[PDB]
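For the sequence shown, the authors' numbering assigns the number 7 to the initial residue and increments by one for each residue that follows.
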Amino acid sequence: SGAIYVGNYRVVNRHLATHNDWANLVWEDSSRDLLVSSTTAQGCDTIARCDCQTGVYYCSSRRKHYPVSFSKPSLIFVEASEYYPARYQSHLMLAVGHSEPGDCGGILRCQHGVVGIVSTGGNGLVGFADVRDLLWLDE
Ligand SMILES: Cc1cccc(CN2C[C@@H](C(N)=O)CCC2=O)c1
Ligand SMILES: [Zn+2]
Numbered sequence: 007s008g009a010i011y012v013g014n015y016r017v018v019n020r021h022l023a024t025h026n027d028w029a030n031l032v033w034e035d036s037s038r039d040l041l042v043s044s045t046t047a048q049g050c051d052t053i054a055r056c057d058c059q060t061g062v063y064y065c066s067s068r069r070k071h072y073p074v075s076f077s078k079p080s081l082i083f084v085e086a087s088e089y090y091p092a093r094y095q096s097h098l099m100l101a102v103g104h105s106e107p108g109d110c111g112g113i114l115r116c117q118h119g120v121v122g123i124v125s126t127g128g129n130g131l132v133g134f135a136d137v138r139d140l141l142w143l144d145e
């Protein structure tokens, strides 16, 4: 689990969004596994606006923050899971690292801010849903 709080927005994995998130929906994309909802309180996270490919992510299944190198956001085939059938997920970045389903929501950050959140994994890989292209999160 996990979320990003920026301005009056809350960014979560679409598959983990609550009834309140869907009731206060701003934008969602199943192909990205992202959902953004509005909030009443101001958040304190800063979204990175950059092309970094190194950062640190939180892995709840290890209670550890791992430094990683990650690929640029791309369209990647993602196997079937409890929440989606087998499909291509867009804006996904991969890294060699540990991840389990419950690790979704873990933040990936670089020197500039939040880059994205854990969204996929398995086989010694971890995939992160990019949020740096969502410029409207800043205003
Ligand atoms: C983080 C992770 C590790 C291993 C396996 C998974 C599988 N998975 C894929 C997610 C998606 N974005 O398609 C939806 C929910 C889910 O359980 C995730
Ligand atoms: Zn950066």
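Even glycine gets a Cβ: it sits at the ideal position worked out from N, Cα and C.
On the DSSP letters alone, give me the boundaries of the beta strand (DSSP E) that residue i sits inside.
i, result
"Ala101", "93-102"
How about residue i and residue j: do their beta carbons lie closer than 7 Å?
i, j, result
"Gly61", "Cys116", "yes"
"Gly122", "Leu131", "no"
"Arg20", "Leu41", "yes"
Could you check where the alpha helix (DSSP H) with residue i kicks off and where it finishes?
i, result
"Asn26", "25-29"
Between residue i and residue j, what straight-line distance do the alpha-carbon atoms span, to the nearest angstrom?
i, j, result
"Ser44", "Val32", "6 Å"
"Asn129", "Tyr15", "33 Å"
"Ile10", "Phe134", "13 Å"
"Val137", "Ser7", "17 Å"
"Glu88", "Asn26", "22 Å"
Tell me, which residues are paired with residue i by DSSP?
i, result
"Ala47", "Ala47 pairs with nothing; no bridge assigned."
"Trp142", "DSSP, once it has assigned bridges, lists no residue as partnering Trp142."
Select from the options the residue whose C-alpha is nearest the C-alpha of residue i.
i, options, result
"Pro73", "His104, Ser96, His97, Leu98", "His104"
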